[PDB]
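Take a look at the structure set out below.
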Amino acid sequence: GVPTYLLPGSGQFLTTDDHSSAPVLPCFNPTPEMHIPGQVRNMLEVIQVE
Amino acid sequence: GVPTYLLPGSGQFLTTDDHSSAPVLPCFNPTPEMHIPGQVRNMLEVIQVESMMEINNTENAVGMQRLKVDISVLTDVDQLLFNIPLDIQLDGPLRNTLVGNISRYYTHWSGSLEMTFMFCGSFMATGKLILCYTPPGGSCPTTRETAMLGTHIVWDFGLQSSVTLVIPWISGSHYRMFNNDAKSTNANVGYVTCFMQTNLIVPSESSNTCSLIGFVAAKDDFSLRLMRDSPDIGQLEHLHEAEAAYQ
Amino acid sequence: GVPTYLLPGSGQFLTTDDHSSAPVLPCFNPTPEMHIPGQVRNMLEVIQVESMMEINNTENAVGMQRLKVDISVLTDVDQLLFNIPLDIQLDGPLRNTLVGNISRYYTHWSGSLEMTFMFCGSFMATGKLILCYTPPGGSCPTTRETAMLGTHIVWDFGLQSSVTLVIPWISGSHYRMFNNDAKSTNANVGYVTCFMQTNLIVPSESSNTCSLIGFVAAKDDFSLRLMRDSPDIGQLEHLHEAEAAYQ
Amino acid sequence: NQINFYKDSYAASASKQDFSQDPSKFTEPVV
Amino acid sequence: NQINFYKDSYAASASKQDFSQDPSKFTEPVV
Amino acid sequence: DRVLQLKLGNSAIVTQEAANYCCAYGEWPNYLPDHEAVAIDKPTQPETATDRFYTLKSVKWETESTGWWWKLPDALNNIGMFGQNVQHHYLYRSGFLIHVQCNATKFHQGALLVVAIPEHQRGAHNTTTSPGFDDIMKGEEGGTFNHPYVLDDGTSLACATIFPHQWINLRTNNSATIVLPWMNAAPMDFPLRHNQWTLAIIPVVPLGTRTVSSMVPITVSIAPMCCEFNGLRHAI
Amino acid sequence: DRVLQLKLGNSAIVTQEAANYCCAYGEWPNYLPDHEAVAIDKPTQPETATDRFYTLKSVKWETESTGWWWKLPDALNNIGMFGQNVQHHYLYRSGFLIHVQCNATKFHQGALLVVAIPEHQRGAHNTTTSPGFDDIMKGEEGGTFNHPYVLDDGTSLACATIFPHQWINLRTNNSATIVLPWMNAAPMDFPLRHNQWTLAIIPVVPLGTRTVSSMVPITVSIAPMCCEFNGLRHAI
Amino acid sequence: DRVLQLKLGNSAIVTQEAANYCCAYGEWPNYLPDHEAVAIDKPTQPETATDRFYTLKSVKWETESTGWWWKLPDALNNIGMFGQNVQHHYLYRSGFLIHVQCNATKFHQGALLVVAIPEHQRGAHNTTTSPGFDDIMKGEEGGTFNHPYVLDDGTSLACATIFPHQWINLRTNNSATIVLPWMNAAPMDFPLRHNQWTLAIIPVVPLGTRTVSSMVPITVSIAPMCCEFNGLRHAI
Amino acid sequence: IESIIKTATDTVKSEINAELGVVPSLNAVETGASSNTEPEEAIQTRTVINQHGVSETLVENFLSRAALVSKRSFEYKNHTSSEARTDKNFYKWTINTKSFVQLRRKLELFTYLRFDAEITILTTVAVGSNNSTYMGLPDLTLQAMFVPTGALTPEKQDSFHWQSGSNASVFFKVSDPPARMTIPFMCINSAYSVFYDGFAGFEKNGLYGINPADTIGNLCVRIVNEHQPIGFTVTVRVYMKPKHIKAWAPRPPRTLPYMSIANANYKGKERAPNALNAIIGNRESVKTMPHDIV
Amino acid sequence: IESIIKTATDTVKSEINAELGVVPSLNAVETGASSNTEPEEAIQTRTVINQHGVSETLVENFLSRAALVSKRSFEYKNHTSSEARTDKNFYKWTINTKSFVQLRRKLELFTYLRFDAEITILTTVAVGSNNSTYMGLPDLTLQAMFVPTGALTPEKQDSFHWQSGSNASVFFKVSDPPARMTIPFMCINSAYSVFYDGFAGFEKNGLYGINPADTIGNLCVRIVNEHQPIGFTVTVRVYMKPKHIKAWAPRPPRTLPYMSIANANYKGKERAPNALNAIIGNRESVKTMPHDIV
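Chains as they are written, first to last, in the deposited numbering: chain C, 1 to 50; chain C', 1 to 247; chain C'', 1 to 247; chain D, 28 to 58; chain D', 28 to 58; chain B, 11 to 246; chain B', 11 to 246; chain B'', 11 to 246; chain A, 1 to 293, 295; chain A', 1 to 293, 295. A prime marks a further copy of an entry chain.
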């Protein structure tokens with residue numbers, strides 16, 4: 001809460017980090033998903049193709 | 001939450017800190033564990049295993065002769081065979097062991113030290129050894145009658161050919177410090193002085209200069225606190241293939 | 001969580017702050033507690049123990065003569081034996097005590113001050129002492145009839161050979177300040193003026209210059225707030241073996 | 028009121044809650 | 028006491044809680 | 011005042027003009043419990059052989075006598091069976107039974123603060139050098155106070171009654187009794203090179219009388235209660 | 011002391027003056043489990059054809075003999091059916107059964123630490139260059155120790171008993187037995203280019219006797235237990 | 011033959027070629043019971059401080075060596091914590107644990123009757139005068155036998171096996187163990203002026219061998235079992 | 001005993017208690033401290049409920065104040081060029097409780113003290129007087145490595161003992177919050193003996209009062225950054241806050257000024273107060289009141 | 001086996017155990033380490049309950065100390081103008097466990113080590129000696145990119161391999177907390193073989209001990225900011241804290257001084273201790289006690 005000490009990995013820009021960041025439009029609703037064919041959720045779906 | 005004030009220990013790099021840090025690959029699954037034999041989860045698993053003491057510790061003893069002590073057929077009784085200083089955190093015969101080198105990664109240690117001596121003579125070489133750990137406070141006993149007042153064990157070689165003098169944990173404090181002074185009350189441990197009991201008798205066709213290998217391990221009552229850098233290793237200069245791992 | 005704004009008191013080093021900080025050894029188990037006698041968990045445990053007042057406080061009294069007051073066989077009645085200023089936070093006879101020196105680590109104090117006087121004369125030395133704590137507002141009473149109007153106790157020596165004048169807690173405020181002025185309403189405490197009641201009578205073969213040791217402690221109604229650095233000690237210069245603890 | 032997030036019990040906040048006191052150790056060490 | 032807010036199990040705190048130990052692997056590797 | 015009988019081993023002390031004793035910090039002396047122990051070797055526990063009231067050399071009390079002190083166990087490091095067990099063992103754990111007899115007449119004026127100081131790290135006046143062996147380990151005879159007014163360590167005698175203390179105010183007290191348990195951060199320590207206690211007889215009121223000035227001895231008799239000895243070695 | 015019989019395949023070793031064996035790190039050798047496996051091809055599992063106690067060339071023991079070492083599988087990389095499966099397969103997983111026979115008379119004094127080093131990354135004295143093939147892969151004959159006192163890698167022989175170890179202290183032990191399982195971070199590895207184990211016979215006490223100095227052979231017989239072979243290719 | 015471990019106090023003796031011990035007259039050593047006691051003062055009971063195997067000076071064994079003897083408690087009257095309790099107490103009651111180590115080779119021929127004589131009232135040859143202090147109380151070093159064939163008292167060595175006895179026949183016995191309880195008509199006696207036991211090492215078969223004649227020590231280690239000390243006085 | 005009191009205890013109403021055969025104010029100082037309370041005798045008290053503060057004067061709260069233990073101002077320049085004894089951009093400080101008399105006297109009220117040391121390092125950069133120009137204060141990363149007592153300490157700034165593979169080190173900037181760390185209670189005994197009536201070694205030539213058990217360690221503080229062309233006086237102030245205090249055997253407070261870190265040697269001021277022959281500043285007489293109201 | 005002990009084990013009370021036919025202290029070293037415990041023989045122990053520390057000496061806690069693995073001081077100037085081999089405002093460091101002997105010896109106690117590497121990068125800026133004037137320490141943003149072993153590494157500061165589209169990079173300032181990241185356990189085998197008795201390639205000319213599986217990667221550390229007119233010695237100190245330690249097959253500690261990063265080649269000091277013929281500093285004899293109490 002109020003007592004917070006900064007970690008050694010604080011203020012750095014990791015490339016592979018996954019922390020949630022700020023929106024720029026505060027109420028942006030994206031266009032809804034349509035069923036585009038061939039949804040790729042893993043590289044193994046592309047890997048096992050000749 | 002939102003109101004956050006920085007602590008005085010914020011933004012620092014502690015070496016022993018345990019806070020969780022950022023991943024670099026965001027979905028890295030490591031290779032799964034296989035059952036590699038000998039899983040080591042504590043230093044006490046390595047600590048209670050025997051390891052050769054450098055008992056000889058003498059300039060004529062080169063290499064192989066240092067890890068054994070040459071006990072000979074003496075013509076007279078009540079001589080000191082050898083005496084071992086039990087500074088497991090200071091340079092001595094107990095330094096080049098598992099317990100000594102690993103305990104030198106710590107400043108404070110506790111627990112009983114088992115010390116197993118294996119008689120590496122012939123089968124027909126007979127003799128009794130009296131091994132006496134003396135508690136600190138006085139000088140090292142050079143005579144047996146001053147030595148047997150302490151923790152002494154009498155060992156006939158026989159068929160078993162090895163003994164374990166368990167050095168007990170008698171100290172005023174709960175732990176013993178390193179402190180770089182072997183004279184201190186909280187650092188001096190005692191002296192393991194081994195003497196002839198009934199002399200070493202060998203046949204004429206067996207070697208008179210018999211040899212003894214001693215070991216120090218500990219028991220499960222051993223313990224270590226205040227981790228420090230071990231002085232066994234040391235870097236005065238950047239080694240070879242460093243600056244070639246950079247090029 | 002993620003939205004965090006720094007407080008104005010963030011990044012500062014408070015001396016009295018209580019936030020948890022980082023360990024340096026990540027798995028250090030300390031040595032376990034033994035029952036050392038006299039566990040001190042509050043200052044009131046040290047506060048209510050008696051401690052010698054420096055009643056004599058005079059340049060001819062050197063050392064040992066300061067902690068006692070020499071009460072003599074007076075030829076006439078109604079003289080002031082001694083008067084003690086009760087500034088427990090200011091330099092005086094109550095300064096060199098447990099309660100004075102420990103309360104000088106605080107600015108605000110409260111509670112009754114017990115003051116036990118032990119007659120260290122002979123057994124045959126008889127006499128009555130009247131000890132009168134006077135509440136502040138006026139001068140120190142040099143005469144007994146002005147003194148007995150306050151909190152006075154009459155003490156015959158007898159077999160018990162000690163009395164306790166309990167100085168009560170009469171003040172306008174809940175606490176008394178240090179404030180470096182002994183004239184102030186919230187700092188002046190009163191005056192313990194001890195007088196002859198029925199004169200000190202000794203035999204000719206006992207010492208006429210009898211001696212009295214006074215003590216101040218407190219009761220469990222004592223209390224201390226606003227911790228400060230005590231002016232009893234002081235560093236104008238870096239002491240010996242400092243800069244030799246660095247070399 | 029404790030933000031002890033580290034794995035050591037010695038790293039915690041200064042426990043100013045030990046209100047138990049026994050002055051009779053030092054005031055009345057008799058009988 | 029763990030502030031592992033990242034999605035990887037390898038990113039967690041140093042788990043100094045593996046108190047299980049078997050010295051008989053190395054002390055008594057017999058029978 | 012209070013008649014007190016202290017009987018341990020073969021020794022017994024009777025006093026007829028004593029006060030109640032000063033059982034230190036509300037605890038009796040005790041042997042080392044199993045959860046409290048550090049040394050894994052079995053303690054000696056000599057009991058009645060080393061519970062004896064070892065009577066030390068009495069010191070003369072005069073008008074100018076500043077004070078005296080005997081460090082425990084250093085005062086009994088060479089005396090009796092306790093002394094022999096001190097040289098023969100590297101570790102000990104013994105409490106003490108202080109009895110200080112100052113027999114004086116009813117016309118004698120004087121007050122001895124008998125104060126038991128835990129770890130009297132003594133000071134040296136006008137020098138920054140630490141006190142040596144000849145300034146600390148005086149043994150059975152026991153050191154005299156150079157400056158007892160500051161307790162010879164920079165502290166104050168005036169606050170020394172926080173320590174386990176008695177008085178031999180000679181009005182109605184001729185003998186003092188302070189019962190100390192084991193007082194160390196360690197459960198056991200080296201008796202030859204660490205004084206867990208000391209006993210300081212300080213005449214806060216000196217000897218003053220107008221009769222024939224007789225020799226008043228201050229006799230210190232210490233009975234090591236619950237004495238335990240670990241690490242049996244040669245006589246150090 | 012303890013009579014031990016080790017029978018695998020067509021081979022059998024009897025010893026009458028051995029100790030209890032040194033089953034390494036408390037685990038028997040085992041074949042690769044299904045959850046543990048990496049290679050999807052079926053392992054060979056030759057069993058009794060490659061469980062044979064392959065007896066190596068015995069090394070002579072003298073007074074000045076520093077020590078000897080045989081890298082596993084490099085010692086058996088060319089010997090027998092195990093050697094043929096080593097050349098014919100790119101992946102293997104075999105534990106080993108070390109039996110070291112040092113037959114000596116009852117008047118012979120000597121102690122061989124038989125120490126099984128996992129990944130002996132050996133060192134070279136007075137040079138920063140890595141040891142080549144001619145300093146590492148000596149094969150069936152097995153390398154002699156240049157500096158066994160430091161275990162020829164900068165470590166210490168004095169701490170080598172943390173490794174799976176036995177002694178041929180010639181008082182009451184003539185033969186040593188160390189039972190190694192598979193020891194690798196990988197489940198399987200190339201036998202021609204990685205030594206998962208090595209066996210080091212180090213005379214910590216050298217051969218000393220005052221009778222007729224006879225030739226004492228150190229005979230190493232290794233039986234590959236639970237040997238598995240994956241990736242059947244040509245003879246490499 | 012029989013491996014025997016004797017652990018008391020801080021001391022421990024292991025022997026690998028011993029026989030069964032000689033617990034004397036079928037009784038263990040014991041402390042004084044309440045119905046058996048005479049001295050009304052509390053015994054010391056130092057236990058582990060004085061249960062230590064006090065190893066005496068070993069005597070050399072030759073062909074012409076007649077015999078040796080150590081009187082108990084006179085051998086341990088000055089040695090260790092038992093010796094300190096001997097000087098510090100007028101009464102004692104201690105049994106003993108005799109362990110005699112005579113380490114010799116398997117080619118050595120010899121037989122030592124280790125015989126514990128209760129009240130060896132020794133004789134003097136060709137004189138009617140009683141033996142003095144210099145002929146009886148030799149202490150730690152222990153007297154040599156002038157005429158061991160008659161047990162140096164007019165009796166016979168040939169009948170000495172009625173006493174608590176062992177043999178160090180060097181064929182299959184290298185160490186002897188005789189466990190003596192308290193042996194006196196009184197429950198307690200003066201240790202400085204009465205020897206309740208003695209231990210006599212008599213080479214009934216002397217040292218004979220045709221190898222290199224090495225020094226064979228006879229090492230006597232006595233552990234005072236159930237040692238009790240009464241009448242705490244000054245060091246006599 | 002068994003008092004878990006959280007405030008000052010209240011007094012009860014006292015009437016005229018002139019009872020023969022009992023007297024509370026008559027006590028024996030020759031036993032200990034007296035038990036004569038306020039409603040017992042010498043005052044006819046009233047029932048006042050005492051709600052006064054106790055948590056502030058807890059021995060925990062008494063000793064949990066972050067006071068200075070190591071103020072070292074070392075220069076940061078080319079020390080390797082020409083220096084002999086001075087701190088070559090690094091100093092090994094033996095962590096002692098005795099360097100500064102305030103916290104020394106505070107911990108020296110007790111014989112034994114079990115505490116974890118919240119070491120907070122506040123480091124300040126100033127420009128040395130040789131340069132005589134500001135040119136900005138640099139952001140300096142400093143390594144404070146806790147070495148055990150008697151272990152191998154570094155000899156240089158880049159001494160290759162600063163790797164801290166096993167030793168615990170904290171890296172902290174000057175443009176940052178001060179380095180807050182908690183040194184454990186690491187004594188081999190169950191408390192820090194703040195006083196030691198004994199010697200360190202079994203030889204007779206040991207130092208008096210220096211028990212290495214109560215010596216906490218060695219803070220080796222260095223600049224991790226290499227040298228600047230401008231020298232900078234880096235004043236590193238280690239403040240130690242003793243936390244989780246368990247205190248034993250309370251003592252007289254130190255009255256005379258301290259002379260040495262190692263021992264408790266004493267020499268008072270040349271006149272009272274806090275003088276060797278007179279701890280209290282002297283009055284004119286026993287009958288003379290200083291600061292009397295007139 | 002099945003011991004989940006959390007403290008040191010307590011000893012039980014031992015009496016006189018002189019029993020014929022059994023002897024605990026007589027053991028066989030020719031089997032393994034001996035099982036003769038303290039109450040079994042050689043001491044008549046007492047029942048002391050052992051509450052001593054074990055969590056500090058856990059192999060996790062033994063190896064979870066952030067020790068230095070890469071101290072590289074590279075200049076930050078116009079390196080493109082005239083430099084030949086030196087680090088052109090960037091360095092590719094092959095992440096090895098062997099660069100600094102402290103953490104090298106700590107991880108080289110074990111044959112196999114499964115851990116995630118908490119890489120913490122503490123970077124310090126100093127002014128180089130050519131400028132000889134402070135003029136402030138600049139706030140430098142640095143990119144540390146973890147490249148897989150053998151993959152394409154950058155050749156310049158602006159080499160267009162610093163985009164880090166697939167490679168994982170961390171951007172961190174010098175006026176900031178040090179860069180804390182966790183490199184995963186990324187070995188293709190189930191532990192890092194700290195020693196390798198083998199060769200990397202199937203050819204006979206491979207390097208001994210360099211298994212590329214246990215080679216962690218390549219930390220390519222650069223200044224993201226373009227060059228200043230003032231050159232600055234940027235000393236980047238990568239400290240690696242090995243976390244989630246699982247250790248296998250413990251080894252003798254390295255006694256001789258290390259010579260090379262690549263191999264375990266040995267050459268002791270010119271006299272004992274830690275010499276090739278004598279690891280321990282020599283005494284006068286077997287019967288001579290060093291530091292004996295006198």
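Heads up, the beta-carbon is just placed ideally off N, CA and C, and yes, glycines get one too.
Backbone secondary structure at residue i - three-state DSSP
{"i": "C''/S122", "result": "coil"}
{"i": "B'/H204", "result": "strand"}
{"i": "C'/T198", "result": "coil"}
{"i": "C'/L44", "result": "helix"}
{"i": "B'/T229", "result": "strand"}
{"i": "C'/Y5", "result": "strand"}
{"i": "A'/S260", "result": "strand"}
{"i": "B/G36", "result": "helix"}
Member of the options whose CA lies at the smallest distance from the CA of residue i
{"i": "C''/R228", "options": "C''/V73, C''/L90 and C''/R104", "result": "C''/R104"}
{"i": "C'/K219", "options": "C'/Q247, C'/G111, C'/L165 and C'/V62", "result": "C'/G111"}
{"i": "A'/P24", "options": "C'/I153, C'/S211 and C'/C210", "result": "C'/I153"}
Range covered by the beta strand (DSSP E) that runs through residue i
{"i": "C''/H152", "result": "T151 to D156"}
Cα-Cα separation between residue i and residue j, rounded to whole angstroms
{"i": "C'/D78", "j": "C'/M148", "result": "12 Å"}
{"i": "B'/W71", "j": "B'/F155", "result": "13 Å"}
Contact list for residue i against chain A, beta-carbon separation under 8 Å
{"i": "C'/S10", "result": "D176, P177 and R180"}
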